[PDB]
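First up is the structure itself, then whatever we jot down about it.
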Amino acid sequence: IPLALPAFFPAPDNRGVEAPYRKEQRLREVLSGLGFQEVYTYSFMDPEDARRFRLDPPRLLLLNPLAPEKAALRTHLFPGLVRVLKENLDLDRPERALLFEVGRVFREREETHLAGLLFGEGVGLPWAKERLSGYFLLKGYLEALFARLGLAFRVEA
Amino acid sequence: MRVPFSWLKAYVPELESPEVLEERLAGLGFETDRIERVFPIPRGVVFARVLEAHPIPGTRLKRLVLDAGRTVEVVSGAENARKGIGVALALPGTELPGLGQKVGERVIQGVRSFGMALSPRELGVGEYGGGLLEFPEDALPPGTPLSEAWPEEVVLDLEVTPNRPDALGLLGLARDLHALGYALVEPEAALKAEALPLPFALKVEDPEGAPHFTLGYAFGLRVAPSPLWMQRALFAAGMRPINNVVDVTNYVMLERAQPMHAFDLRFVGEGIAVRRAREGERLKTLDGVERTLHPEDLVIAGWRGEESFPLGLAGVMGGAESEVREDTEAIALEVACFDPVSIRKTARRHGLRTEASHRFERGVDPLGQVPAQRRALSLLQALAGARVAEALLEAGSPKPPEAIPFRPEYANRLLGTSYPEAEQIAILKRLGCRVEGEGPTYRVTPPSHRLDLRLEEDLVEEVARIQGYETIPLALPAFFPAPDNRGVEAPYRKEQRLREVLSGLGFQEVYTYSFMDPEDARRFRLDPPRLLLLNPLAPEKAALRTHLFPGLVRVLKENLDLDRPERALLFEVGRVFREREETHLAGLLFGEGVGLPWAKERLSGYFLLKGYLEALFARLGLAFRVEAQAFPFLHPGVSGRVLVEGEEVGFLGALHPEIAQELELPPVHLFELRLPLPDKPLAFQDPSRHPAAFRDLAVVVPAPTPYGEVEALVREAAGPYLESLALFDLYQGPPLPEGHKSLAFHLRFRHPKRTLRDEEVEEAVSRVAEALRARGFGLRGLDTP
Amino acid sequence: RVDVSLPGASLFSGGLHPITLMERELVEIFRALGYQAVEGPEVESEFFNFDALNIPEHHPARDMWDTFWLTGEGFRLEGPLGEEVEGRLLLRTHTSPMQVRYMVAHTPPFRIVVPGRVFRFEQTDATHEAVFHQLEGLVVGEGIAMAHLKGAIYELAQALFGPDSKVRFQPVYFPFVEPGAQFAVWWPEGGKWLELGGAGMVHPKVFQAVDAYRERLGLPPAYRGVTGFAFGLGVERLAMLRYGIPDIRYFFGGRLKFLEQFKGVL
Amino acid sequence: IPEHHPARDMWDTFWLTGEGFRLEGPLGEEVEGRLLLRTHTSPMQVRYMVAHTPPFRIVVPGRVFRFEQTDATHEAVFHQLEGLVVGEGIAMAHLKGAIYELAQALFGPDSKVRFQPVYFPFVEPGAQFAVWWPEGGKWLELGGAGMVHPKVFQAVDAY
Ligand SMILES: Nc1ncnc2c1ncn2[C@@H]1O[C@H](COS(=O)(=O)NC(=O)[C@@H](N)Cc2ccc(O)cc2)[C@@H](O)[C@H]1O
Ligand SMILES: Nc1ncnc2c1ncn2[C@@H]1O[C@H](COS(=O)(=O)NC(=O)[C@@H](N)Cc2ccc(O)cc2)[C@@H](O)[C@H]1O
Ligand SMILES: [Mn+2]
């Protein structure tokens, strides 16, 4: 069977069909550019974590789970990131961490989320003592993020 | 070029309207920049005959007795006002296109001026306002409204690209329209010549300059104003009528892109000599400008006995002397083809651009001369009642154009069309081409007037534009690209990721002109530019930048004066020129720095910039360090070179104070590196799963020692199991040795296959203390928990 | 004076997950061939994941896939046109259903590519995960032939491994194509074939399922006179041999020490 | 585009001076001739062809320079994007197809293109084109184009 390449003008309703995808992808890149480290975590959830993390219980469960710790579909992204923090801390002892993850979440409807995590001493002169960190550091990066995305951004209690 | 609708309509009678015409020319390849309606003439303006012109004693004015139906009197100061001519009378009550002062009957120097006779400018037909319009005395029945013989006109402003010199003639344009299908009407040069000798001779001394040169002979001339139709035509085309003879020469020029000049025989002497000027040879041109000729200028000369004199600038402008005035009875009509380069040079040399030089430069039909002679002579006979000689003086024999191979199949192939053979050939014939052969590859020889038809491809463009570019279908090509085209876009992709990463990190991109101010080589202490412009936009832009930071600094200053940014983090990627053209990346930090807007503590200056850079190269996966090195444009205290993957690629530091001061700027930090950056291939390293070894230790060091030197020694002896080496504290004072400082180091060890025995750990921490002190440094703390 | 060799302010430096990197390179490669990237849902209906793709229940074909079935009410699964689709919920065992979703929502000709997270209940070793990623490709239109499918994969190979690379197609079975095929690309630097994925000419019944569903929805048929090819390949499998990753299980490990090694890789 | 001919007179060139400057050719060779700032991206059309073999499709963005007055729509320093597709059977229909795609991609399905003949010593047929901007209700004259001229291909192989 010979090799060939097709040529045609695509039908009208196929135009601009890739904006959604492109959008999410720029987001990840911007994030990786800002300083966030991307992380991929299984879509599964430990039914018990709905309690540990004080979240409404999962709406979707598996009739055939890989294990009971993976018997449900995650409703959030942070629980997972927190666990990877713990895990990373026990294996290696990172002094800090700035992570993010984009992924599907299931609850009422399947939706896409973006979550991030800051942990550690913060930013400053390695040898010096003063440092920027905690809440206002994270909000610092977020403000930068939305400015880079050209979007209004505010946090109300 | 100006295209008067009704004039063009004389050759293309079926033109639908000026709007459709514009449409038609766009498709043919002629863009019209604008369309104007031009000769609005009020009813109050009528034709009048000047019965008599009387001078008003003691003034420079004349009382004109006009026959405008009834006899009326009018006062005029126009030098050309004289009896025996027709004029444009604005009866009192008329509204002239541009004076808003309704014309009225007024008393001037003793006489009641019943309205006034008009100039081209007053009527609104031309810019000339130094004299009255001069019509033929019998042009119309006295008193008839000028409108009736001078209707409004629509003029298109057409762009005529250099490849269509034949389009600098309205007839040339008409032929193109003919190709589209329109009937074409060529003027018939009805001539009643006489077989007699010409009372002068032709000597073409420089054939290189005048490849084809002809002279016509017209006598018994009755020079007078041109007919209304012709004055209206010339005025619409942006030219000003002078008289019978001159007007005809301009009319024909515009008609068939063939400049021609009439020389009054009184001045020709024994004959016309086409030659180069002698150094210094003078010539006063028609514009009334006394000029000095260059031995390179081709000239139309006359001679008498042993004297030779210039009568005009060949192909550019006629001599002031030889102009045809009213007492002129016989002329020599120059109709030639001049060497484009020569005309070009000459026109430049005297700062002239005439309807003639313009055409001779773009090129002229190498064989249109004789046909043009017939047209002009024919018209002279009809308007000036000229008697014309049957013969012409002719020099040079131009060869007709050659045949061009043409395959209708190749035309359709190159265009992606499928026009039937017959249509293709029918079109080429409408454009005047001769088509020989039965196919598939014909012999097409173009009309001498198309200088732009030499290749088969030219011929296919003809078919496409006449068929219409919109008839060419839309398609997409499909092919496997040739092997050496693969991966050709890595360089580009690389630089682009860089910019994006930078914009992601927090840097704001800036674009700055590639130009440089030669003086800034000094202000910014840089070697002077290697490339300069022979034609700079200005002296501040007379050179090509050798760096990128100077520019960024200036934009900082500029931004500060316009708006008052409290800070700034900029970057720019661009070409720099020095020895070789290279791509650079420069950045700038300025302001208070980063921290809590409301709080006081802040991170900024040098270590802030280096902070971002370290982040940048980490995000790029590249080794990065800065070693102290002196830089003329940098602060002696804060200045270092940048090493990426161990190689020197640029610098980082604070702007030298003196420079900041001369530019009135607060401190500024910056850096500039050369691109493309070093490449380090991903070498995945499976991280050990066993616990790591932690050990702290300080190193007392003399204040002058650079952190990088210590860091390096520690890592070296640190052993092959050193995972991490970080600096967590720098201190100098008590209880340390005056002039000394300690460096708190966090160390980590790890073995890929298993946990490390304290033997291995301490043993290494020792090898370090050895070379450490063996260098000259003290080990304050050791095995610190 | 300042010690310029000293460490600067510790600003964070981010990075992208290797799967993201590999997905991006694959999408870039197919974008150059005119493909557009679109995504589908992870939680899918049995209709889209199976029935529409010609994989009916209680037959050897079903027994080839290891499906994760879901439960729970109040969950809304929207169809290609935002409609409420019904059927037993499940985690998609492949990206192929997005092949039917796209076709009911659009009209040929077109070229799509759809990366996505897929799930399969099976044992995880060094080259097998229960949670991995695939990249579907679908090109539908008048005159589309298997030669075009081969051409596409040939381009993938050239783009991925240079001019000395080559492709190999062998027949294999998929209820959703006919002809069906599995393919490998020649990795010149490693001297061995890599089995990337499956492909073939979209099955007549798939086109029928699409228009039939379009009719239920009130749309006119759109795939009666067209043909098309589609393929599905393993992203992790390609990333592993491309970035030199030895164990597929690292991907979802979340270990920063592992991830940080790709900060450079674009 | 040879010297001392109407064609040259169409461009407003910035000429440079200075020695010790090394200008490398398509294959890193040392090329000679009067240095200047490129008045367009078109030269990259010859550089690429001598360094590669057809068929191929390139696009080359770039900073160009022209000595002319700067108004609201004219700069002495601006940017162009060249496109070049060479290969057996390439036709003007493909050129039209390309621009049609540009338009669709840039302004949506209700967009359209318009080609009119124009002159360029480097193509034949030659053309200028505009794209229909639906949201703004007016044609935009984007650039020039055509079928690469026979002499350009000759200059390339000769080099
Ligand atoms: N458990 C697993 N872990 C990691 N990767 C896995 C995996 N199971 C499969 N894969 C990868 O997934 C690829 C395709 O998966 S498959 O079950 O063999 N084939 C399918 O799922 C079909 N949808 C492929 C297909 C066939 C024809 C088409 O026209 C379109 C798509 C394989 O080539 C393999 O590299
Ligand atoms: N001074 C100026 N400032 C800003 N933009 C400018 C400019 N001068 C020109 N341009 C832009 O540059 C585009 C093309 O420039 S041009 O001088 O008219 N045409 C050229 O330079 C040719 N190289 C175009 C070309 C023609 C045919 C080809 O096969 C390839 C290229 C214009 O359509 C215009 O939008
Ligand atoms: Mn031509």
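Each chain of the structure tokens is named A, B, ... in the order shown, its residues numbered from 1; ligands are numbered from 1 in display order.
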
Quick one: DSSP alpha helix (DSSP H) residues in region 20-122 of chain A, as a PyMOL selection string? chain A and resi 20-34+49-52+78-91

Please list as a ChimeraX atom specification every residue within 8 Å of region 223-235 of chain C, counting only C-alpha atoms and excluding residues in the same chain fewer than 4 positions away. /C:19,22-23,95-96,107-108,132-146,148-149,196-202,207-208,210-211,239

Mind writing the picked residues with N, CA and C atoms as a short mmCIF file (atom, residue, chain, number, x, y, z; two decimals), in the first residue's frame?
```
data_model
loop_
_atom_site.label_atom_id
_atom_site.label_comp_id
_atom_site.auth_asym_id
_atom_site.auth_seq_id
_atom_site.Cartn_x
_atom_site.Cartn_y
_atom_site.Cartn_z
N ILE C 19 4.42 13.97 30.41
CA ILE C 19 3.29 13.58 29.57
C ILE C 19 2.81 14.79 28.80
N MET C 22 5.36 15.47 26.01
CA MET C 22 5.21 14.53 24.91
C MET C 22 3.92 14.79 24.14
N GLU C 23 2.85 15.10 24.87
CA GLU C 23 1.57 15.36 24.24
C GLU C 23 1.72 16.56 23.33
N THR C 95 -9.41 6.60 23.91
CA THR C 95 -9.88 7.88 23.43
C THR C 95 -10.85 7.75 22.25
N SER C 96 -10.95 6.55 21.70
CA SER C 96 -11.80 6.30 20.55
C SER C 96 -13.24 6.84 20.60
N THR C 107 -19.17 18.16 10.56
CA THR C 107 -19.39 17.64 9.23
C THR C 107 -18.06 17.54 8.49
N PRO C 108 -17.87 16.47 7.71
CA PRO C 108 -16.63 16.27 6.95
C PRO C 108 -16.53 17.21 5.77
N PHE C 132 -3.30 5.76 31.98
CA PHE C 132 -2.32 6.29 31.03
C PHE C 132 -2.95 7.25 30.01
N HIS C 133 -2.21 7.59 28.96
CA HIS C 133 -2.71 8.51 27.97
C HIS C 133 -2.59 8.03 26.53
N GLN C 134 -3.58 8.38 25.73
CA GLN C 134 -3.58 8.02 24.32
C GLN C 134 -3.79 9.27 23.46
N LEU C 135 -3.48 9.13 22.17
CA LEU C 135 -3.69 10.22 21.24
C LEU C 135 -4.45 9.63 20.07
N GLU C 136 -5.70 10.03 19.89
CA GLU C 136 -6.46 9.52 18.75
C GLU C 136 -6.23 10.47 17.61
N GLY C 137 -6.40 9.93 16.40
CA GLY C 137 -6.27 10.71 15.19
C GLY C 137 -7.48 10.28 14.38
N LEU C 138 -8.11 11.21 13.68
CA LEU C 138 -9.26 10.87 12.84
C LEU C 138 -9.28 11.85 11.68
N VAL C 139 -9.34 11.31 10.47
CA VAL C 139 -9.39 12.11 9.26
C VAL C 139 -10.50 11.50 8.42
N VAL C 140 -11.55 12.27 8.19
CA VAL C 140 -12.69 11.79 7.42
C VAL C 140 -12.92 12.71 6.23
N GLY C 141 -13.27 12.10 5.10
CA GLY C 141 -13.53 12.88 3.92
C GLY C 141 -13.60 12.02 2.67
N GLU C 142 -14.14 12.60 1.61
CA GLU C 142 -14.26 11.92 0.33
C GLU C 142 -12.86 11.55 -0.17
N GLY C 143 -12.71 10.32 -0.65
CA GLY C 143 -11.43 9.89 -1.16
C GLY C 143 -10.31 9.57 -0.17
N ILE C 144 -10.62 9.52 1.12
CA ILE C 144 -9.59 9.21 2.10
C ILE C 144 -9.27 7.71 1.99
N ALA C 145 -7.98 7.37 1.95
CA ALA C 145 -7.57 5.98 1.79
C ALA C 145 -6.53 5.53 2.79
N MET C 146 -6.26 4.22 2.82
CA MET C 146 -5.30 3.69 3.76
C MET C 146 -3.91 4.25 3.47
N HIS C 148 -3.29 7.21 2.90
CA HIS C 148 -3.21 8.45 3.66
C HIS C 148 -2.89 8.14 5.12
N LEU C 149 -3.45 7.04 5.62
CA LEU C 149 -3.19 6.62 6.99
C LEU C 149 -1.70 6.29 7.10
N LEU C 196 3.77 1.44 18.44
CA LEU C 196 3.06 2.64 18.89
C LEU C 196 1.56 2.55 19.09
N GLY C 197 0.83 1.99 18.12
CA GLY C 197 -0.60 1.92 18.30
C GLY C 197 -1.38 1.15 17.26
N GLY C 198 -2.69 1.37 17.25
CA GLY C 198 -3.55 0.68 16.30
C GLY C 198 -4.19 1.70 15.39
N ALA C 199 -4.72 1.24 14.26
CA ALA C 199 -5.32 2.14 13.29
C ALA C 199 -6.09 1.35 12.22
N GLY C 200 -6.63 2.09 11.24
CA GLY C 200 -7.37 1.47 10.16
C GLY C 200 -8.38 2.41 9.52
N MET C 201 -9.15 1.88 8.57
CA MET C 201 -10.16 2.66 7.90
C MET C 201 -11.43 2.57 8.73
N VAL C 202 -11.93 3.71 9.22
CA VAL C 202 -13.14 3.74 10.04
C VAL C 202 -14.20 2.77 9.51
N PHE C 207 -19.74 4.74 11.05
CA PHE C 207 -20.35 5.85 10.33
C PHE C 207 -21.87 5.74 10.45
N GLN C 208 -22.39 4.52 10.42
CA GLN C 208 -23.84 4.33 10.53
C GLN C 208 -24.33 4.72 11.92
N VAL C 210 -23.04 6.88 13.89
CA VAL C 210 -22.96 8.33 13.96
C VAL C 210 -24.18 9.02 13.36
N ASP C 211 -24.47 8.75 12.09
CA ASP C 211 -25.61 9.38 11.46
C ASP C 211 -26.92 8.98 12.12
N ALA C 239 6.86 8.57 25.19
CA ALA C 239 7.61 9.45 26.07
C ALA C 239 8.78 8.68 26.69
#
```

Top pick for closest residue to chain C, considering A:54, A:96, A:76, A:109 and counting only C-alpha atoms: A:109

Polymer residues at most 12 Å from residue 46 (chain A), only C-alpha atoms, same-chain spacing of 3 or more positions, as JSON, numbers by chain: {"A": [42, 43, 49, 50, 51, 52, 53, 55, 57, 58, 60, 61, 62, 65, 66, 67, 68, 69, 70, 71, 72, 73, 74, 75, 76, 79, 80, 83]}

Can you write out the residues you just picked, keeping N, CA and C atoms, as a PDB file, in the first residue's frame?
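Output file selection.pdb follows:
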```pdb
ATOM      1  N   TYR A  42      -3.413  10.441  39.941  1.00  0.00           N
ATOM      2  CA  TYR A  42      -4.528   9.586  39.549  1.00  0.00           C
ATOM      3  C   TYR A  42      -5.861  10.269  39.824  1.00  0.00           C
ATOM      4  N   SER A  43      -6.850   9.954  38.998  1.00  0.00           N
ATOM      5  CA  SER A  43      -8.195  10.503  39.114  1.00  0.00           C
ATOM      6  C   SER A  43      -8.943   9.843  40.274  1.00  0.00           C
ATOM      7  N   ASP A  49     -10.954  10.016  52.518  1.00  0.00           N
ATOM      8  CA  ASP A  49     -10.430  11.377  52.462  1.00  0.00           C
ATOM      9  C   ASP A  49     -11.498  12.448  52.380  1.00  0.00           C
ATOM     10  N   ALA A  50     -12.731  12.047  52.091  1.00  0.00           N
ATOM     11  CA  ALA A  50     -13.826  13.004  52.008  1.00  0.00           C
ATOM     12  C   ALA A  50     -13.974  13.547  53.413  1.00  0.00           C
ATOM     13  N   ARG A  51     -13.615  12.698  54.370  1.00  0.00           N
ATOM     14  CA  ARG A  51     -13.678  13.024  55.781  1.00  0.00           C
ATOM     15  C   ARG A  51     -12.404  13.756  56.198  1.00  0.00           C
ATOM     16  N   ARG A  52     -11.255  13.114  56.005  1.00  0.00           N
ATOM     17  CA  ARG A  52      -9.977  13.713  56.378  1.00  0.00           C
ATOM     18  C   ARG A  52      -9.789  15.135  55.856  1.00  0.00           C
ATOM     19  N   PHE A  53     -10.259  15.394  54.640  1.00  0.00           N
ATOM     20  CA  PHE A  53     -10.112  16.713  54.039  1.00  0.00           C
ATOM     21  C   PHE A  53     -11.385  17.552  54.106  1.00  0.00           C
ATOM     22  N   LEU A  55     -14.649  17.238  52.879  1.00  0.00           N
ATOM     23  CA  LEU A  55     -15.267  17.513  51.588  1.00  0.00           C
ATOM     24  C   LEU A  55     -16.544  16.694  51.482  1.00  0.00           C
ATOM     25  N   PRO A  57     -18.867  13.909  50.193  1.00  0.00           N
ATOM     26  CA  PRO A  57     -18.438  12.615  49.655  1.00  0.00           C
ATOM     27  C   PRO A  57     -18.558  12.558  48.132  1.00  0.00           C
ATOM     28  N   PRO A  58     -17.767  11.685  47.489  1.00  0.00           N
ATOM     29  CA  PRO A  58     -17.725  11.474  46.038  1.00  0.00           C
ATOM     30  C   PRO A  58     -19.094  11.109  45.488  1.00  0.00           C
ATOM     31  N   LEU A  60     -19.348   9.702  42.349  1.00  0.00           N
ATOM     32  CA  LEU A  60     -19.112   8.531  41.525  1.00  0.00           C
ATOM     33  C   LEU A  60     -18.137   7.583  42.196  1.00  0.00           C
ATOM     34  N   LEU A  61     -18.527   6.313  42.256  1.00  0.00           N
ATOM     35  CA  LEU A  61     -17.717   5.270  42.872  1.00  0.00           C
ATOM     36  C   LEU A  61     -17.514   4.157  41.862  1.00  0.00           C
ATOM     37  N   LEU A  62     -16.505   3.325  42.084  1.00  0.00           N
ATOM     38  CA  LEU A  62     -16.251   2.222  41.165  1.00  0.00           C
ATOM     39  C   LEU A  62     -16.851   0.902  41.624  1.00  0.00           C
ATOM     40  N   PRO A  65     -13.173  -1.318  41.917  1.00  0.00           N
ATOM     41  CA  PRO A  65     -11.990  -0.506  42.243  1.00  0.00           C
ATOM     42  C   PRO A  65     -10.673  -1.290  42.248  1.00  0.00           C
ATOM     43  N   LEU A  66      -9.567  -0.610  41.953  1.00  0.00           N
ATOM     44  CA  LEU A  66      -8.249  -1.248  41.958  1.00  0.00           C
ATOM     45  C   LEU A  66      -7.921  -1.630  43.404  1.00  0.00           C
ATOM     46  N   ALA A  67      -8.496  -0.873  44.332  1.00  0.00           N
ATOM     47  CA  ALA A  67      -8.318  -1.072  45.762  1.00  0.00           C
ATOM     48  C   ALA A  67      -9.306  -0.127  46.446  1.00  0.00           C
ATOM     49  N   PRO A  68      -9.607  -0.366  47.732  1.00  0.00           N
ATOM     50  CA  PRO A  68     -10.550   0.514  48.432  1.00  0.00           C
ATOM     51  C   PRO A  68     -10.069   1.961  48.595  1.00  0.00           C
ATOM     52  N   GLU A  69      -8.756   2.184  48.553  1.00  0.00           N
ATOM     53  CA  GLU A  69      -8.209   3.542  48.670  1.00  0.00           C
ATOM     54  C   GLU A  69      -8.443   4.297  47.354  1.00  0.00           C
ATOM     55  N   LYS A  70      -8.843   3.551  46.328  1.00  0.00           N
ATOM     56  CA  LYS A  70      -9.105   4.108  45.006  1.00  0.00           C
ATOM     57  C   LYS A  70     -10.518   3.725  44.554  1.00  0.00           C
ATOM     58  N   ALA A  71     -11.463   3.660  45.486  1.00  0.00           N
ATOM     59  CA  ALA A  71     -12.829   3.264  45.136  1.00  0.00           C
ATOM     60  C   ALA A  71     -13.736   4.394  44.647  1.00  0.00           C
ATOM     61  N   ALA A  72     -13.218   5.616  44.606  1.00  0.00           N
ATOM     62  CA  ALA A  72     -14.027   6.744  44.151  1.00  0.00           C
ATOM     63  C   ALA A  72     -13.292   7.680  43.193  1.00  0.00           C
ATOM     64  N   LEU A  73     -14.054   8.564  42.557  1.00  0.00           N
ATOM     65  CA  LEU A  73     -13.480   9.536  41.642  1.00  0.00           C
ATOM     66  C   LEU A  73     -13.356  10.873  42.371  1.00  0.00           C
ATOM     67  N   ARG A  74     -12.128  11.376  42.423  1.00  0.00           N
ATOM     68  CA  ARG A  74     -11.822  12.630  43.091  1.00  0.00           C
ATOM     69  C   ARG A  74     -12.783  13.757  42.757  1.00  0.00           C
ATOM     70  N   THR A  75     -13.100  14.546  43.778  1.00  0.00           N
ATOM     71  CA  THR A  75     -13.998  15.683  43.650  1.00  0.00           C
ATOM     72  C   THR A  75     -13.178  16.981  43.712  1.00  0.00           C
ATOM     73  N   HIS A  76     -11.915  16.863  44.114  1.00  0.00           N
ATOM     74  CA  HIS A  76     -11.011  18.009  44.218  1.00  0.00           C
ATOM     75  C   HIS A  76      -9.618  17.612  43.771  1.00  0.00           C
ATOM     76  N   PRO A  79      -6.528  17.766  47.645  1.00  0.00           N
ATOM     77  CA  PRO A  79      -6.196  16.626  48.505  1.00  0.00           C
ATOM     78  C   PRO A  79      -5.008  15.868  47.925  1.00  0.00           C
ATOM     79  N   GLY A  80      -5.108  15.549  46.640  1.00  0.00           N
ATOM     80  CA  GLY A  80      -4.036  14.834  45.973  1.00  0.00           C
ATOM     81  C   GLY A  80      -2.701  15.546  46.075  1.00  0.00           C
ATOM     82  N   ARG A  83      -1.187  15.181  49.527  1.00  0.00           N
ATOM     83  CA  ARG A  83      -0.583  13.870  49.718  1.00  0.00           C
ATOM     84  C   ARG A  83       0.764  13.730  49.020  1.00  0.00           C
TER      85      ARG A  83
END
```

Could you please select, counting only C-alpha atoms, the residues of chain B within 8 Å of chain A and state them as a PyMOL selection string? chain B and resi 475-480+500-506+595-596+601+603+607+615+619+689-692+727-730+744

Could the residues in this selection be written to a file with N, CA and C atoms, as a CSV table (one decimal), in the first residue's frame?
```csv
chain,number,residue,atom,x,y,z
B,475,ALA,N,-7.0,25.8,-4.3
B,475,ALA,CA,-6.4,24.5,-4.1
B,475,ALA,C,-5.4,24.4,-3.0
B,476,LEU,N,-5.1,23.3,-2.5
B,476,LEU,CA,-4.1,23.0,-1.5
B,476,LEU,C,-3.1,22.0,-2.0
B,477,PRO,N,-1.8,22.2,-1.9
B,477,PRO,CA,-0.8,21.2,-2.4
B,477,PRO,C,-0.6,20.1,-1.4
B,478,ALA,N,-0.1,18.9,-1.9
B,478,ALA,CA,0.2,17.8,-1.0
B,478,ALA,C,1.4,17.1,-1.5
B,479,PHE,N,2.4,17.0,-0.6
B,479,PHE,CA,3.7,16.3,-0.9
B,479,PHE,C,4.5,16.0,0.3
B,480,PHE,N,5.4,15.0,0.2
B,480,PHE,CA,6.2,14.7,1.3
B,480,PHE,C,7.4,15.6,1.1
B,500,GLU,N,8.9,33.3,25.3
B,500,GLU,CA,7.7,32.9,26.1
B,500,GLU,C,8.1,32.6,27.5
B,501,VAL,N,9.2,31.9,27.7
B,501,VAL,CA,9.6,31.6,29.1
B,501,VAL,C,9.8,32.9,29.8
B,502,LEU,N,10.6,33.8,29.2
B,502,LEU,CA,10.9,35.1,29.8
B,502,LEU,C,9.6,35.8,30.1
B,503,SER,N,8.7,35.9,29.2
B,503,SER,CA,7.4,36.6,29.4
B,503,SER,C,6.7,35.9,30.6
B,504,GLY,N,6.9,34.6,30.7
B,504,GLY,CA,6.3,33.8,31.8
B,504,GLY,C,6.9,34.1,33.1
B,505,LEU,N,8.2,34.2,33.1
B,505,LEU,CA,9.0,34.4,34.4
B,505,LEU,C,8.5,35.7,35.0
B,506,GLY,N,8.3,36.8,34.2
B,506,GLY,CA,7.9,38.1,34.7
B,506,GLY,C,8.4,39.2,33.8
B,595,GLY,N,8.2,42.6,47.2
B,595,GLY,CA,7.9,42.5,48.6
B,595,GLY,C,6.4,42.8,48.8
B,596,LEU,N,6.0,42.9,50.1
B,596,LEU,CA,4.6,43.3,50.4
B,596,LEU,C,4.4,44.7,50.1
B,601,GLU,N,10.1,45.7,54.0
B,601,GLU,CA,11.2,44.8,53.5
B,601,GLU,C,11.0,44.5,52.0
B,603,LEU,N,13.1,42.7,48.3
B,603,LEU,CA,14.2,42.0,47.6
B,603,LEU,C,14.3,42.8,46.3
B,607,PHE,N,20.9,41.1,43.2
B,607,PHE,CA,20.5,39.7,43.6
B,607,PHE,C,19.1,39.4,43.2
B,615,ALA,N,16.4,31.4,37.9
B,615,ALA,CA,15.1,30.7,37.7
B,615,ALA,C,15.0,30.4,36.2
B,619,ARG,N,14.7,26.8,34.5
B,619,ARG,CA,13.5,26.5,33.7
B,619,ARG,C,14.0,26.0,32.3
B,689,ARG,N,16.3,5.8,45.6
B,689,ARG,CA,15.1,5.6,46.5
B,689,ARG,C,15.5,5.5,47.9
B,690,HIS,N,16.8,5.5,48.3
B,690,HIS,CA,17.2,5.3,49.6
B,690,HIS,C,17.4,6.7,50.4
B,691,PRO,N,17.4,6.6,51.7
B,691,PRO,CA,17.5,7.9,52.5
B,691,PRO,C,18.8,8.6,52.2
B,692,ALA,N,18.8,9.9,52.2
B,692,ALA,CA,20.0,10.7,52.0
B,692,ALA,C,20.7,11.0,53.3
B,727,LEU,N,23.9,27.0,50.2
B,727,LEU,CA,24.4,28.0,51.1
B,727,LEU,C,23.3,28.6,51.9
B,728,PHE,N,23.3,28.4,53.2
B,728,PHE,CA,22.2,29.0,54.0
B,728,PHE,C,22.5,30.2,54.9
B,729,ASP,N,23.8,30.6,54.9
B,729,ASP,CA,24.1,31.7,55.7
B,729,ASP,C,25.5,32.3,55.5
B,730,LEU,N,25.6,33.6,55.5
B,730,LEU,CA,26.8,34.3,55.3
B,730,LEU,C,27.0,35.3,56.4
B,744,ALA,N,27.8,29.2,55.7
B,744,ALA,CA,27.0,28.0,56.2
B,744,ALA,C,26.6,27.2,55.0
```

Any idea which chain C residues end up within 9 Å of chain B if we count only C-alpha atoms, as a ChimeraX atom specification please? /C:1-15,151,155,158-159,162-163,243-246,257-258,261-266

Any chance you could tabulate, as JSON lines, the residues of chain A at most 8 Å from chain D with each one's nearest atom pair and distance in Å to one decimal, using only C-alpha atoms, in chain and rising number order?
```
{"residue": "A:12", "atom": "CA", "partner": "D:109", "partner_atom": "CA", "distance": 6.2}
{"residue": "A:15", "atom": "CA", "partner": "D:105", "partner_atom": "CA", "distance": 7.4}
{"residue": "A:16", "atom": "CA", "partner": "D:105", "partner_atom": "CA", "distance": 7.7}
```

Could you please take those selected residues and save C-alpha atoms as a compact mmCIF listing (two decimals), in the first residue's frame?
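Wrote part_2.txt, looks like this:
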```
# COMPACT_ATOMS: atom_id res chain seq x y z
CA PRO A 12 -16.76 25.31 7.89
CA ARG A 15 -12.81 26.07 12.10
CA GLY A 16 -11.70 27.36 15.51
```
